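Trainee: Structure in structure tokens, see below.
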Amino acid sequence: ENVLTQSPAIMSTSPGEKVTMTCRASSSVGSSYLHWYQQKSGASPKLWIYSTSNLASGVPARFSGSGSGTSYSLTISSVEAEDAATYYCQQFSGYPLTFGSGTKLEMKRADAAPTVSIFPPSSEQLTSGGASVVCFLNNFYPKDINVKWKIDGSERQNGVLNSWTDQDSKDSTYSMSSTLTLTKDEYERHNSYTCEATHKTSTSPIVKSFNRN
Amino acid sequence: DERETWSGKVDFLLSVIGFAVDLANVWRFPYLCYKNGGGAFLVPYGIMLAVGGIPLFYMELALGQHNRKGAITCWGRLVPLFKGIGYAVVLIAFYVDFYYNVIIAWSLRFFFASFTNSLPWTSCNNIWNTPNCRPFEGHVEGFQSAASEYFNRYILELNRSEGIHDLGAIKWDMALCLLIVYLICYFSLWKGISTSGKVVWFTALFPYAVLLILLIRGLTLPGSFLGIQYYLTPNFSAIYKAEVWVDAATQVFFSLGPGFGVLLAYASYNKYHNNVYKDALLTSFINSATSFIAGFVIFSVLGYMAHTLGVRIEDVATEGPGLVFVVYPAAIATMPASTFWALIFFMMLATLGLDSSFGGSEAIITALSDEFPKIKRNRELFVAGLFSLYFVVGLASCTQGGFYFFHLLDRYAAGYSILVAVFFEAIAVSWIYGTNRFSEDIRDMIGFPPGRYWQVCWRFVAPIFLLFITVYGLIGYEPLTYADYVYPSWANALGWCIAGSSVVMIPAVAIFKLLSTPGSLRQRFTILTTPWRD
Amino acid sequence: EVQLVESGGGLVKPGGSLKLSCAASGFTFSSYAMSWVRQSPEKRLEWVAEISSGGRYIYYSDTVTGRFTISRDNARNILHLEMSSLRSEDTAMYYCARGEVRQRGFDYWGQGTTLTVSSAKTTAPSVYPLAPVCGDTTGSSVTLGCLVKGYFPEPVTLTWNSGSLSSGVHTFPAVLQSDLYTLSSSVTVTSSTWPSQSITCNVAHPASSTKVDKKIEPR
Ligand SMILES: CC(C)CCC[C@@H](C)[C@H]1CC[C@H]2[C@@H]3CC=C4C[C@@H](O)CC[C@]4(C)[C@H]3CC[C@]12C
Ligand SMILES: CC(C)CCC[C@@H](C)[C@H]1CC[C@H]2[C@@H]3CC=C4C[C@@H](O)CC[C@]4(C)[C@H]3CC[C@]12C
Ligand SMILES: OC[C@H]1O[C@H](O[C@H]2[C@H](O)[C@@H](O)[C@@H](O)O[C@@H]2CO)[C@H](O)[C@@H](O)[C@@H]1O
Ligand SMILES: COC(=O)[C@H]1[C@@H](c2ccc(I)cc2)C[C@@H]2CC[C@H]1N2C
Ligand SMILES: [Cl-]
Ligand code: NA
Ligand code: NA
């Protein structure tokens with residue numbers, strides 16, 4: 001099997017800045033047999049570049065392609081928000097057909113502190129004996145952020161479901177949903193639940209406490 | 001699993017280029033340009049080449065390569081009912097092998113007689129001559145030129161023959177040249193395409209070396225420019241002429257090699273995913289480009305003659321072997337360093353016929369090799385058992401009535417025989433097998449399906465194209481005649497017998513296959529028309 | 001113009017078999033070859049199988065070879081994929097693409113159909129409304145949320161007020177833990193947009209036929 005590896009896997013570029021992504025094959029591939037695909041978030045992959053130099057229908061001329069043998073590269077002249085997607089190369093030189101690792105292109109923006117919103121277990125939750133606290137961190141950059149769950153004064157680790165929204169096309173920010181799931185029997189055990197967000201934007205973690213009162 | 005493949009595919013290219021480029025390129029195409037509307041002939045030529053010629057040539061190369069088997073097995077694999085086409089195609093080349101190698105022998109016989117600084121065909125004072133002899137080509141058939149007499153009176157001794165019924169004594173000086181050719185063929189085709197594809201590097205590429213030497217030789221000659229005028233000066237009046245579109249259609253068809261099963265055999269040795277279509281038009285272009293280039297090589301010497309040698313242009317410019325073995329050498333003898341041009345020229349004629357005969361014989365071997373496992377593992381004994389059959393019968397062409405035997409097979413052996421063969425080839429592939437399946441096959445080979453253009457030509461253009469030639473062929477038909485000698489009614493009947501002998505297989509093998517398959521009609525039909533899959 | 005619609009797929013127990021179909025329209029189907037390209041939950045593109053125009057040439061990846069059978073209907077313009085003895089690794093969204101010219105790659109893709117191979121039983125989500133803390137002082141724009149927890153399999157349709165207000169709405173992706181998905185959605189309206197108006201989290205889980213709306217005051 002011809003293995004097509006791409007890089008980087010995750011690439012950040014601000015609008016208008018030039019970008020170059022590469023696809024390197026374990027085996028040599030005919031320059032006419034290699035193709036590129038753009039898959040936008042939650043969208044079906046679309047043919048972007050075929051025969052390695054050739055743009056597809058509707059593809060802006062800002063896009064380009066090059067390379068040969070086991071080394072090919074897709075390049076964007078001036079990147080735009082529209083261009084934020086995951087790009088997959090391909091080889092038809094021989095079967096089985098293979099796709100590249102993919103290059104996820106993400107727009108870079110100004111660092112923005114997250115809006116951290118802590119929510120208590122619902123009244124309809126503890127019925128089954130379940131209790132799960134959710135902590136929302138919304139509209140922030142860069143992507144990576146670490147929530148810290150603290151019951152009383154001591155941090156808790158086990159039983160935390162983190163969920164990350166893909167970068168939105170509006171403000172180009174991210175969001176994170178942390179869910180600390182506990183038991184209703186153990187829920188009443190501790191009075192004060194606190195989740196804090198350690199982020200690049202501030203040396204001071206964003207803290208949100210709470211209690212039944 | 002499992003078949004031998006071409007070494008470098010430049011083996012295949014040069015093997016197919018070599019097969020496609022032969023004496024017809026030199027002695028025919030240029031004549032047709034002079035004959036029809038000068039360079040304006042290129043218009044109907046190109047058109048007939050694009051719609052009619054290449055699509056058929058493309059077909060065979062793509063067809064043979066895909067099925068990966070010899071001509072017979074190929075049609076046995078494709079449409080078992082029409083497998084007779086494979087049979088018909090192979091023995092068509094089997095027939096040609098008898099009279100064809102004679103031209104190469106002639107080339108070698110001239111190559112042998114060409115060692116001297118005094119060339120024998122420039123003289124009217126020799127032993128074989130006639131009071132009617134001229135220094136150069138004349139209008140009156142009664143009076144042959146000096147170079148014409150040498151060919152007719154000395155080499156062939158054709159005057160000794162009153163016709164085909166009298167072959168006369170064998171010329172053993174000629175038979176030596178014939179055998180010398182077969183020895184070249186046998187050792188070229190000995191180990192198969194492995195040796196074959198390697199040999200074509202000379203035979204195919206040598207002529208281009210010589211062509212350059214002669215092209216440079218001619219264009220430097222006085223009045224050389226005048227020859228190109230008789231060559232390329234367009235009369236578009238011919239474009240409207242129906243006969244010109246026929247000559248264009250005929251030439252483009254016979255210039256390329258479809259119908260002999262050679263392309264089927266040659267391309268079959270290709271890698272499965274090797275691009276054919278690229279090779280198809282590349283080979284085709286090189287073939288036509290060769291003739292075009294050779295055209296200058298010919299008429300450059302003719303303009304020289306009409307200028308320096310004071311000869312009517314219509315007298316010197318001629319088709320067939322007359323141009324190569326008489327007209328051209330006649331001018332060479334007048335040229336300084338004549339022996340050089342002569343030696344390389346005749347060596348070129350041999351090299352032009354050699355790589356061609358390789359393909360032809362290859363088509364028989366490969367077709368039989370795939371059909372019969374015995375001769376496949378038996379080979380090099382087969383080509384002997386084959387070429388031995390050739391040379392033994394080849395002595396008939398080494399006789400004094402040699403050309404009379406040659407000219408008979410020339411107009412018959414590959415006849416309308418190939419026309420109706422290729423027609424059934426195009427029809428069996430486009431309709432019987434289907435274009436849907438065919439384009440599907442190529443896509444699985446080269447990676448992409450043939451353009452809408454190619455499919456159309458195979459289905460419609462080609463059949464009418466061949467029909468256009470086959471009809472106009474029978475419309476201008478005349479009993480076989482050469483010079484003042486008209487072939488007897490029995491001689492023609494044998495020629496047609498040879499022509500039918502091939503094509504008769506198609507229906508014959510069709511009935512043989514029908515009779516061999518059980519079930520009702522519609523059942524017996526589809527089973528015979530069902531492709532080798534699975 | 002060209003439209004590739006892919007159907008079938010869903011939950012299938014390991015070892016089981018499932019049939020997929022791609023409805024092709026806007027082009028002559030018998031002319032273009034088709035290929036099934038699947039993408040795992042990890043966003044890994046893998047060519048599964050290709051079928052030619054007439055469908056007499058079939059190629060399978062070493063992964064699914066012999067387990068999958070790719071069929072074709074040129075009359076009805078339908079590309080199928082016949083799966084057998086499915087595997088947990090075979091979980092992914094399968095795509096229908098053409099697929100004809102190798103040098104041009106795949107020009108048109110379908111919407112895709114999702115296949116999930118798991119032993120886990122289908123469970124309905126428990127939708128939990130998230131009301132902000134009662135502490136002072138309320139900000140310029142308060143965030144509300146909806147927690148969809150412990151549901152299998154994907155997908156789930158979560159909108160706000162029947163998909164009316166999309167402004168400042170973050171619906172987080174599901175996260176598989178112990179064979180169950182937990183999803184959540186955040187929405188930020190103005191301080192007085194709620195609870196002055198009606199803000200409710202509606203959840204759609206077609207798998208278990210769970211359709212639920214949640215409207216809650218800060219009780
Ligand atoms: C004229 C002599 C000197 C050179 C040979 C010219 C030949 C090779 C040229 C003339 C017209 C050309 C054709 C014009 C039309 C097409 C359509 C394209 O989809 C396939 C190639 C094809 C079929 C071309 C093949 C090459 C061609 C046949
Ligand atoms: C009169 C003069 C101009 C004729 C000279 C033409 C010569 C140079 C041309 C005519 C046919 C050509 C060859 C045709 C086939 C191929 C295929 C390619 O894979 C290798 C080059 C090669 C082998 C070409 C080399 C150049 C070639 C030999
Ligand atoms: O194979 C060569 C062939 O021709 C020879 O003829 C030569 C020779 O110089 C003379 O015989 C004279 O005819 O000139 C010829 C060259 O043009 C031999 O004569 C013949 O036996 C031999 O087979
Ligand atoms: C009729 O014999 C030929 O001359 C054919 C071919 C050929 C086929 C079989 C044999 I034996 C020899 C030549 C040589 C070239 C290519 C096609 C045609 N010539 C233009
Ligand atoms: Cl020609
Ligand atoms: Na020719
Ligand atoms: Na030749």
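Ordering of the structure tokens sets the chain letters (A, B, ...); residue numbers start at 1 within each chain; ligands are numbered from 1 in the order shown.
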Within 8 Å of chain B, which residues belong to chain C? Use only C-alpha atoms and report them as a list in words.
Mentor: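 Contact residues on the first chain: residues 31, 52, 53, 54, 57, 100, 101, 102 and 103 of chain C.
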Trainee: Mind dumping a table of every chain B residue within 7 Å of ligand 7, with the nearest atom pair and its distance in Å to one decimal, using only C-alpha atoms and all ligand atoms, sorted by chain and rising number, as a tab-separated table?
Mentor:
residue	atom	partner	partner_atom_place_in_ligand_line	distance
B:18	CA	ligand 7	1 (Na)	4.1
B:19	CA	ligand 7	1 (Na)	4.5
B:20	CA	ligand 7	1 (Na)	6.0
B:21	CA	ligand 7	1 (Na)	4.4
B:22	CA	ligand 7	1 (Na)	4.1
B:203	CA	ligand 7	1 (Na)	7.0
B:204	CA	ligand 7	1 (Na)	6.2
B:351	CA	ligand 7	1 (Na)	6.4
B:352	CA	ligand 7	1 (Na)	3.8
B:353	CA	ligand 7	1 (Na)	4.6
B:354	CA	ligand 7	1 (Na)	5.7
B:355	CA	ligand 7	1 (Na)	4.4
B:356	CA	ligand 7	1 (Na)	3.9
Trainee: What does the file look like for those residues with N, CA, C and O atoms, as a PDB file, in the first residue's frame?
Mentor:
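Written file, part24.pdb:
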ATOM      1  N   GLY B  18       8.756   0.695 -36.120  1.00  0.00           N
ATOM      2  CA  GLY B  18       9.428  -0.053 -37.165  1.00  0.00           C
ATOM      3  C   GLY B  18       8.446  -0.810 -38.033  1.00  0.00           C
ATOM      4  O   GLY B  18       8.514  -0.747 -39.258  1.00  0.00           O
ATOM      5  N   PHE B  19       7.516  -1.513 -37.395  1.00  0.00           N
ATOM      6  CA  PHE B  19       6.499  -2.263 -38.119  1.00  0.00           C
ATOM      7  C   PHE B  19       5.666  -1.351 -39.017  1.00  0.00           C
ATOM      8  O   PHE B  19       5.337  -1.708 -40.147  1.00  0.00           O
ATOM      9  N   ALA B  20       5.334  -0.170 -38.507  1.00  0.00           N
ATOM     10  CA  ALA B  20       4.455   0.754 -39.214  1.00  0.00           C
ATOM     11  C   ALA B  20       5.169   1.477 -40.352  1.00  0.00           C
ATOM     12  O   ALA B  20       4.552   1.820 -41.362  1.00  0.00           O
ATOM     13  N   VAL B  21       6.466   1.713 -40.191  1.00  0.00           N
ATOM     14  CA  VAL B  21       7.230   2.423 -41.209  1.00  0.00           C
ATOM     15  C   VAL B  21       7.911   1.455 -42.170  1.00  0.00           C
ATOM     16  O   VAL B  21       8.836   0.745 -41.789  1.00  0.00           O
ATOM     17  N   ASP B  22       7.466   1.448 -43.421  1.00  0.00           N
ATOM     18  CA  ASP B  22       8.036   0.552 -44.418  1.00  0.00           C
ATOM     19  C   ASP B  22       8.159   1.246 -45.776  1.00  0.00           C
ATOM     20  O   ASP B  22       7.956   2.455 -45.886  1.00  0.00           O
ATOM     21  N   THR B 203      16.926  -1.479 -36.967  1.00  0.00           N
ATOM     22  CA  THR B 203      16.025  -1.510 -38.116  1.00  0.00           C
ATOM     23  C   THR B 203      15.070  -0.316 -38.153  1.00  0.00           C
ATOM     24  O   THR B 203      14.823   0.252 -39.217  1.00  0.00           O
ATOM     25  N   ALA B 204      14.535   0.060 -36.995  1.00  0.00           N
ATOM     26  CA  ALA B 204      13.599   1.178 -36.919  1.00  0.00           C
ATOM     27  C   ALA B 204      14.305   2.531 -36.938  1.00  0.00           C
ATOM     28  O   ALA B 204      13.829   3.473 -37.573  1.00  0.00           O
ATOM     29  N   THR B 351      16.272  -2.246 -43.882  1.00  0.00           N
ATOM     30  CA  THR B 351      15.917  -1.886 -42.513  1.00  0.00           C
ATOM     31  C   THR B 351      14.476  -1.402 -42.427  1.00  0.00           C
ATOM     32  O   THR B 351      13.854  -1.467 -41.367  1.00  0.00           O
ATOM     33  N   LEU B 352      13.949  -0.910 -43.544  1.00  0.00           N
ATOM     34  CA  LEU B 352      12.563  -0.463 -43.592  1.00  0.00           C
ATOM     35  C   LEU B 352      11.614  -1.645 -43.726  1.00  0.00           C
ATOM     36  O   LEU B 352      10.476  -1.590 -43.268  1.00  0.00           O
ATOM     37  N   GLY B 353      12.082  -2.711 -44.365  1.00  0.00           N
ATOM     38  CA  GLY B 353      11.275  -3.908 -44.504  1.00  0.00           C
ATOM     39  C   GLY B 353      11.468  -4.912 -43.383  1.00  0.00           C
ATOM     40  O   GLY B 353      10.579  -5.719 -43.107  1.00  0.00           O
ATOM     41  N   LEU B 354      12.623  -4.860 -42.729  1.00  0.00           N
ATOM     42  CA  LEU B 354      12.967  -5.854 -41.716  1.00  0.00           C
ATOM     43  C   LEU B 354      12.087  -5.773 -40.470  1.00  0.00           C
ATOM     44  O   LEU B 354      11.443  -6.754 -40.096  1.00  0.00           O
ATOM     45  N   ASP B 355      12.050  -4.603 -39.840  1.00  0.00           N
ATOM     46  CA  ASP B 355      11.279  -4.429 -38.610  1.00  0.00           C
ATOM     47  C   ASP B 355       9.786  -4.581 -38.873  1.00  0.00           C
ATOM     48  O   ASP B 355       9.004  -4.827 -37.954  1.00  0.00           O
ATOM     49  N   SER B 356       9.400  -4.422 -40.135  1.00  0.00           N
ATOM     50  CA  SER B 356       8.023  -4.644 -40.551  1.00  0.00           C
ATOM     51  C   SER B 356       7.702  -6.134 -40.560  1.00  0.00           C
ATOM     52  O   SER B 356       6.694  -6.566 -40.002  1.00  0.00           O
TER      53      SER B 356
END
Trainee: Measuring atom to atom with only C-alpha atoms and all ligand atoms, identify which of B:30, B:80, B:500, B:223 is nearest to ligand 6.
Mentor: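 For ligand 6, the nearest of the given residues is B:30.
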Trainee: List as a PyMOL selection string the protein and nucleic acid residues lying within 9 Å of ligand 6, with only C-alpha atoms and all ligand atoms counted.
Mentor: chain B and resi 19-26+28-29+251-257+287-288+290-291
Trainee: Taking 4 positions as the minimum chain separation for residues in the same chain, which residues sit within 12 Å of residue 507 (chain B) when counting only C-alpha atoms? Answer as a list in words.
Mentor: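 Those residues are residues 80, 81, 82, 83, 84, 85, 86, 87, 88, 420, 421, 424, 500, 501, 502, 503, 511, 512, 513, 514 and 515 of chain B.
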Trainee: Mind checking DSSP for region 306-531 of chain B and telling me the alpha helix (DSSP H) residues as a PyMOL selection string?
Mentor: chain B and resi 313-316+321-322+328-334+338-371+373-377+382-394+402-412+416-427+435-446+452-456+462-475+489-503+505-516+521-529
Trainee: Could you write out as an MDAnalysis selection string the residues of chain A within 12 Å of chain B, counting only C-alpha atoms?
Mentor: chainID A and resid 30 32:33 91:95
Trainee: Can you pull out the residues contacting residue 178 (chain B)? Cut-off 8 Å, using only C-alpha atoms, and skip same-chain residues under 6 positions away; I want them as a PyMOL selection string.
Mentor: chain B and resi 101-102+104-105+391+394+398
Trainee: Write a file of the just-selected residues containing C-alpha atoms, as a PDB file, in the first residue's frame.
Mentor:
ATOM      1  CA  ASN B 101      10.593 -10.351 -47.840  1.00  0.00           C
ATOM      2  CA  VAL B 102      11.424 -10.322 -51.544  1.00  0.00           C
ATOM      3  CA  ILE B 104      14.185  -6.730 -48.697  1.00  0.00           C
ATOM      4  CA  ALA B 105      16.082  -9.334 -50.711  1.00  0.00           C
ATOM      5  CA  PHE B 391      11.964 -19.647 -48.232  1.00  0.00           C
ATOM      6  CA  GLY B 394      10.113 -17.938 -51.512  1.00  0.00           C
ATOM      7  CA  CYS B 398      13.519 -15.644 -56.687  1.00  0.00           C
TER       8      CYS B 398
END
Trainee: My list of candidates is C:164, C:119, C:113, C:197. Which is closest to chain A when distances are computed with only C-alpha atoms?
Mentor: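 Checking each of C:164, C:119, C:113, C:197 against chain A, counting only C-alpha atoms, the winner is C:113.
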Trainee: Can you work out which one of A:12, A:211, A:64, A:127 has the shortest atom-to-atom distance to chain C, counting only C-alpha atoms?
Mentor: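 Of A:12, A:211, A:64, A:127, the one nearest chain C is A:211, counting only C-alpha atoms.
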Trainee: At a cut-off of 10 Å, using only C-alpha atoms, what residues contact residue 171 (chain A)? Leave out same-chain residues fewer than 2 positions from it and give the result as a list in words.
Mentor: residues 107, 109, 110, 139, 140, 141, 167, 168, 169, 173 and 174 of chain A
Trainee: Distance limit 8 Å, atoms considered: only C-alpha atoms. Which chain C residues sit that close to chain A? Return them as number ranges by chain.
Mentor: C: 44-47, 59-62, 102-112, 128-133, 143, 145, 147, 170-175, 177, 182-184, 186
Trainee: Output the selection as a JSON list (two decimals), in the first residue's frame - C-alpha atoms for each residue.
Mentor:
[["chain", "number", "residue", "atom", "x", "y", "z"],
["C", 44, "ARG", "CA", -9.16, 9.19, 8.41],
["C", 45, "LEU", "CA", -9.92, 8.89, 4.69],
["C", 46, "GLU", "CA", -9.70, 5.35, 3.33],
["C", 47, "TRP", "CA", -10.63, 4.17, -0.15],
["C", 59, "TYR", "CA", -10.85, -3.12, -6.64],
["C", 60, "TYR", "CA", -10.87, -3.62, -2.87],
["C", 61, "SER", "CA", -8.56, -2.33, -0.15],
["C", 62, "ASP", "CA", -6.67, -5.02, 1.77],
["C", 102, "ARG", "CA", -7.96, 8.31, -12.65],
["C", 103, "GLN", "CA", -5.99, 11.36, -13.73],
["C", 104, "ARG", "CA", -8.81, 13.66, -12.58],
["C", 105, "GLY", "CA", -9.57, 11.83, -9.30],
["C", 106, "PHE", "CA", -13.02, 12.06, -7.70],
["C", 107, "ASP", "CA", -14.90, 15.14, -8.96],
["C", 108, "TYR", "CA", -18.25, 14.62, -7.23],
["C", 109, "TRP", "CA", -19.07, 13.28, -3.76],
["C", 110, "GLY", "CA", -22.32, 12.45, -1.99],
["C", 111, "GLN", "CA", -23.57, 13.72, 1.36],
["C", 112, "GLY", "CA", -22.36, 10.51, 2.97],
["C", 128, "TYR", "CA", -30.67, 18.34, 31.02],
["C", 129, "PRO", "CA", -31.47, 22.08, 30.97],
["C", 130, "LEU", "CA", -28.63, 24.21, 32.30],
["C", 131, "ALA", "CA", -29.71, 27.21, 34.39],
["C", 132, "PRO", "CA", -27.08, 29.80, 35.45],
["C", 133, "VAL", "CA", -26.08, 30.26, 39.09],
["C", 143, "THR", "CA", -25.30, 32.11, 28.84],
["C", 145, "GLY", "CA", -27.09, 25.60, 28.18],
["C", 147, "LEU", "CA", -26.86, 18.87, 28.34],
["C", 170, "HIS", "CA", -22.30, 26.67, 20.51],
["C", 171, "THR", "CA", -23.41, 23.06, 20.20],
["C", 172, "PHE", "CA", -20.50, 20.90, 21.31],
["C", 173, "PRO", "CA", -19.73, 17.60, 19.56],
["C", 174, "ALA", "CA", -20.58, 14.28, 21.20],
["C", 175, "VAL", "CA", -17.91, 12.48, 23.22],
["C", 177, "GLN", "CA", -17.38, 7.36, 26.98],
["C", 182, "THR", "CA", -22.60, 13.03, 26.09],
["C", 183, "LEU", "CA", -23.41, 16.24, 24.25],
["C", 184, "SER", "CA", -23.99, 19.83, 25.34],
["C", 186, "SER", "CA", -24.34, 26.71, 24.96]]
Trainee: May I have the residues within 10 Å of residue 186 (chain A) as a ChimeraX atom specification, using only C-alpha atoms and disregarding those fewer than 4 positions away in the same chain?
Mentor: /A:129-131,182,190
Trainee: Deliver the residues from the most recent selection as a file, using N, CA and C atoms, as a short mmCIF file (atom, residue, chain, number, x, y, z; two decimals), in the first residue's frame.
Mentor:
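Writing done, so here's result.cif:
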data_model
loop_
_atom_site.label_atom_id
_atom_site.label_comp_id
_atom_site.auth_asym_id
_atom_site.auth_seq_id
_atom_site.Cartn_x
_atom_site.Cartn_y
_atom_site.Cartn_z
N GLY A 129 -30.29 9.47 40.40
CA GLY A 129 -29.13 9.42 41.27
C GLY A 129 -27.90 9.99 40.58
N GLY A 130 -28.07 10.42 39.34
CA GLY A 130 -26.99 11.04 38.61
C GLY A 130 -26.87 12.53 38.89
N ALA A 131 -25.63 13.01 38.97
CA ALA A 131 -25.36 14.44 39.04
C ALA A 131 -24.14 14.77 38.19
N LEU A 182 -21.09 12.94 38.38
CA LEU A 182 -20.99 12.34 39.70
C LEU A 182 -22.27 11.58 40.02
N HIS A 190 -20.43 16.96 48.90
CA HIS A 190 -19.65 18.18 48.88
C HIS A 190 -20.51 19.39 48.50
#
Trainee: Interatomic distance between CA of residue 120 (chain C) and CA of residue 126 (chain A)?
Mentor: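 We find that CA of residue 120 (chain C) and CA of residue 126 (chain A) lie 24.3 Å from each other.
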Trainee: Using only C-alpha atoms, tabulate the residues of region 13-37 of chain C lying at most 8 Å from any atom of region 83-93 of chain C, each with its closest atom pair and that distance in Å to one decimal, by chain and increasing residue number, as a tab-separated table.
Mentor:
residue	atom	partner	partner_atom	distance
C:13	CA	C:86	CA	7.7
C:14	CA	C:87	CA	5.3
C:15	CA	C:85	CA	4.0
C:16	CA	C:85	CA	5.0
C:17	CA	C:84	CA	4.1
C:18	CA	C:83	CA	5.1
C:19	CA	C:83	CA	5.8
C:20	CA	C:83	CA	7.8
Trainee: Those same residues, written as a PDB file, in the first residue's frame with N, CA, C and O atoms?
Mentor:
ATOM      1  N   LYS C  13     -24.316  -4.702  14.794  1.00  0.00           N
ATOM      2  CA  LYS C  13     -23.509  -5.498  15.710  1.00  0.00           C
ATOM      3  C   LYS C  13     -22.354  -6.159  14.960  1.00  0.00           C
ATOM      4  O   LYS C  13     -22.532  -6.628  13.834  1.00  0.00           O
ATOM      5  N   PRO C  14     -21.165  -6.186  15.580  1.00  0.00           N
ATOM      6  CA  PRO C  14     -19.968  -6.789  14.981  1.00  0.00           C
ATOM      7  C   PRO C  14     -20.201  -8.227  14.524  1.00  0.00           C
ATOM      8  O   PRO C  14     -20.751  -9.039  15.273  1.00  0.00           O
ATOM      9  N   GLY C  15     -19.782  -8.529  13.299  1.00  0.00           N
ATOM     10  CA  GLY C  15     -20.012  -9.836  12.715  1.00  0.00           C
ATOM     11  C   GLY C  15     -21.225  -9.809  11.809  1.00  0.00           C
ATOM     12  O   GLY C  15     -21.383 -10.663  10.934  1.00  0.00           O
ATOM     13  N   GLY C  16     -22.081  -8.814  12.017  1.00  0.00           N
ATOM     14  CA  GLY C  16     -23.280  -8.655  11.217  1.00  0.00           C
ATOM     15  C   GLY C  16     -22.957  -8.109   9.843  1.00  0.00           C
ATOM     16  O   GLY C  16     -21.798  -7.833   9.532  1.00  0.00           O
ATOM     17  N   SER C  17     -23.982  -7.955   9.014  1.00  0.00           N
ATOM     18  CA  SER C  17     -23.794  -7.443   7.664  1.00  0.00           C
ATOM     19  C   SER C  17     -24.797  -6.336   7.355  1.00  0.00           C
ATOM     20  O   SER C  17     -25.907  -6.327   7.886  1.00  0.00           O
ATOM     21  N   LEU C  18     -24.403  -5.403   6.496  1.00  0.00           N
ATOM     22  CA  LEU C  18     -25.268  -4.283   6.138  1.00  0.00           C
ATOM     23  C   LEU C  18     -25.041  -3.824   4.702  1.00  0.00           C
ATOM     24  O   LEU C  18     -23.917  -3.842   4.203  1.00  0.00           O
ATOM     25  N   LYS C  19     -26.118  -3.406   4.045  1.00  0.00           N
ATOM     26  CA  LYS C  19     -26.051  -2.997   2.648  1.00  0.00           C
ATOM     27  C   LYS C  19     -26.175  -1.483   2.500  1.00  0.00           C
ATOM     28  O   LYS C  19     -27.058  -0.860   3.090  1.00  0.00           O
ATOM     29  N   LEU C  20     -25.288  -0.900   1.699  1.00  0.00           N
ATOM     30  CA  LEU C  20     -25.293   0.538   1.459  1.00  0.00           C
ATOM     31  C   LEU C  20     -25.644   0.850   0.012  1.00  0.00           C
ATOM     32  O   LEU C  20     -25.409   0.038  -0.882  1.00  0.00           O
TER      33      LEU C  20
END
Trainee: May I have the residues within 7 Å of residue 198 (chain A) as a VMD selection string, using only C-alpha atoms and disregarding those fewer than 3 positions away in the same chain?
Mentor: chain A and resid 145 to 147 205 to 206
Trainee: Name the residues of region 89-198 of chain A that come out as strand (DSSP E) in a backbone DSSP run; write them as JSON, numbers by chain.
Mentor: {"A": [89, 90, 91, 98, 99, 103, 104, 105, 106, 107, 115, 116, 117, 118, 119, 130, 131, 132, 133, 134, 135, 136, 137, 138, 139, 140, 146, 147, 148, 149, 150, 151, 154, 155, 156, 160, 161, 162, 163, 164, 165, 174, 175, 176, 177, 178, 179, 180, 181, 182, 183, 193, 194, 195, 196, 197, 198]}
